[PDB]
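# Residue-level structure breakdown
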Amino acid sequence: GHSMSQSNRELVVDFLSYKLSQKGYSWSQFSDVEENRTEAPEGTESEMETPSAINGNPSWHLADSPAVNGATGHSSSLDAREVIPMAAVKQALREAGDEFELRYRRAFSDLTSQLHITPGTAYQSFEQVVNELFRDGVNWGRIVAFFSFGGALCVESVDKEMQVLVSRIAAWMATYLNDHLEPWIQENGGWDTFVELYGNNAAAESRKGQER
């Protein structure tokens, strides 16, 4: 009995894969590659890798079209305000979480000395971080911020260990999050009503507060 339609798992995965593509532009391609060993490690075989020295020529007839005046797709076509209805999945939670995530860039804290991110399974480590953030429960402000700590941690862990770590933190965070966030987010008015924000108030969070 884990989630329903991958709805909650999409809320946490969306903020992760969204920030991951901004620091990796590779994991968001499939969002489920399940393989960070596709590259070609080592380099003891430069015999079959020497182009322009067999039958390719130096090409000095008219080969000088670099097209690099300066700012080439760096910050000229910035876009981050789409906001599409009938979903709001990458816009309601993305803009709501980015408002507190990027607010402090990294949002440094003491949670790092208590998390002690490691390359290992981190089963107890990942459970400990949630155990502390679950001291009050998980409201709309605790859930939106939980994605900022989960997406800002993997970015530091991967650059401090390996890109394969973002798969462990997200797998251990999505399983533990949805473990207790299953009933909590379900009481927000429905998985679809919370993602779409079309209602955000079915009855479990509106007619259930001390005699309504």
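Residues numbered from 1 in each chain as written, not as in the entry; some residues may be left out. Heavy atoms only, no water.

Per the deposited record, solution NMR is how this structure was determined.

For the chain, the name recorded in the PDB entry is Bcl-2-like protein 1, with Homo sapiens as its organism. The title assigned to this entry in its PDB record is "Solution structure of BCL-xL containing the alpha1-alpha2 disordered loop determined with selective isotope labelling of I,L,V sidechains". Within the UniProt record for the chain, the comment given under Sequence similarities is "Belongs to the Bcl-2 family." (UniProt positions renumbered as here; feature names shortened; annotations may be inferred.)

## Section: the overall build of the chain
If you tally the helices and strands in the chain, you get 7 helices and 0 strands. Going from N to C terminus, the chain has its helices and strands arranged as α-α-α-α-α-α-α. Relative to the 2.2 N^0.38 estimate, which gives 17 Å for 212 residues, the radius of gyration of the chain is 22 Å and therefore markedly larger than a compact globule would have. Principal-axis analysis of the C-alpha atoms gives the chain an extent of 85 × 40 × 35 Å. The buried share of the chain, reckoned over its 212 residues, is 27%. Residue pairs in contact within the chain that sit at least 24 positions apart in sequence constitute 68% of those at least 6 positions apart. A gap of 8 Å separates the mean positions of the 17 positive and 31 negative side-chain charges of the chain. (Helix = DSSP H or I, 4+ residues; strand = E, 2+ residues; numbered from the N terminus. Rg over C-alpha atoms; globule rule 2.2 N^0.38 Å. Buried < 20%, exposed > 50% of the residue type's maximum accessible area, 1.4 Å probe, protein only. Contact = heavy atoms within 4.5 Å. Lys, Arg positive; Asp, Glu negative; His and termini not counted. Charge placed at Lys NZ, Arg CZ, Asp CG, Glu CD.)

## A look at helix α1 (residues 7-21)
Here α1 contains 15 residues, and its C-alpha end-to-end distance of 20 Å stays within 8% of the 21 Å for a straight helix at 1.5 Å per residue. Most pronounced at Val-13, the bend in α1 amounts to some 30°. (Expected span 1.5 Å × (residues − 1). Bend = angle between axes of the 7 residues up to and from the residue.)

## Observations regarding helix α4 (residues 123-133)
Taken together, the buried positions of α4 are occupied by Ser-125, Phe-126, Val-129, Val-130 and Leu-133. All buried residues of α4 fall inside an arc of 130° around its axis, so they share one side. Looking at α4, the residues exposed on the side facing more than 90 degrees away from the buried face are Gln-124 and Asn-131. Taken together, the buried residues of α4 touch α3 (111-115), α5 (140-158) and α6 (165-186). (Arc of directions from axis to C-beta.)

## As for the environment of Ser-148
Position of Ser-148 relative to the elements: it lies in helix α5. Sequence-distant contacts of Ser-148, defined by excluding residues within four places in its chain, comprise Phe-15, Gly-97 and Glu-101.

## What about the packing of aromatic side chains?
The relative placement of two aromatic rings is captured by the distance of their centres and the angle of their planes. For the coordinates displayed, the defined rule picks out 4 aromatic pairs. When the ring of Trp-140 is compared with that of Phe-194, the centres are 6.2 Å apart and the planes differ by 45°; the resulting orientation is tilted. Taken together, the positions of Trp-140 in helix α5 and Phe-194 in helix α7 (residues 191-196) put the pair 54 residues apart, joining distant regions of the chain. An aromatic cluster is built from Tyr-123, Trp-172 and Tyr-176, whose rings are joined through pairwise contacts. Just above the ring of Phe-100 sits the side chain of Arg-103; from NZ or CZ to the centre is 5.8 Å. (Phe/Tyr/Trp six-rings, centres within 6.5 Å; stacked < 30°, edge-to-face > 60°. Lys NZ or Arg CZ within 6 Å of the ring centre and 35° of its normal.)

## Thoughts on the layout of surface pockets
It is the rolling of a water-molecule-sized probe over the atoms that shows where space remains empty. The computed volume of the largest pocket comes to approximately 830 Å³. Lining the largest pocket are 32 residues, with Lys-23, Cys-154, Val-155, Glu-156 and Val-158 positioned closest to its centre. Residue assignment for the lining of the largest pocket shows that the elements contributing at least two residues are α1, α3 and α5. Per-element tally for the lining of the largest pocket: the top contributor is α5, with 7 residues. (1 Å grid on protein atoms, 1.4 Å probe; cavity = no way out; pocket = protein on both sides within 12 Å on 5 of 7 lines; lining within 4 Å. Points joined across faces, edges and corners; volume = space filled by probe spheres on them.)

## A closer look at the UniProt feature "short sequence motif: BH4" in the chain
Residues annotated in UniProt with the feature "short sequence motif: BH4" correspond here to residues 7-27. Strand forms 0% of residues 7-27 and helix 71%; the C-alpha atoms that close the span are 20 Å apart.

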